[PDB]
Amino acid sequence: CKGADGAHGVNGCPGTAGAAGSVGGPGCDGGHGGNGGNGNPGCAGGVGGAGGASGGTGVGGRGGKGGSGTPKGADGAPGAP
């Protein structure tokens, strides 16, 4: 079982940030961060959301992928395993 993944960011000018993944409830893995939005031409990409922490399973969430753009968004950092 796993916490909810974060919503992706919106494509736009700029692409917006992906949301952080939710913490894993007791006995659950961390949720994955949302991918960042992609920037329209000339616009920055959104950062990926961070991953959520594990609820004692040793499995944290993945970070989201950054959005493409000028400049691109960074990936989110993973959650605590």
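The numbering used is simple: start at 1 and walk along the sequence shown.
- Which of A53, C43, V47, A50 has the largest Cα B-factor in the deposited entry comes down to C43.
- Within the listed group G64, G73, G58, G61, the record reports its top CA B-factor for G58.
- For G69, the recorded CA temperature factor ranks within the middle third of the chain's modelled residues.
- Split the chain's modelled residues into thirds by C-alpha temperature factor. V23 is in the middle one.
- When all modelled residues of the chain are sorted by CA temperature factor, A77 is found within the middle third.
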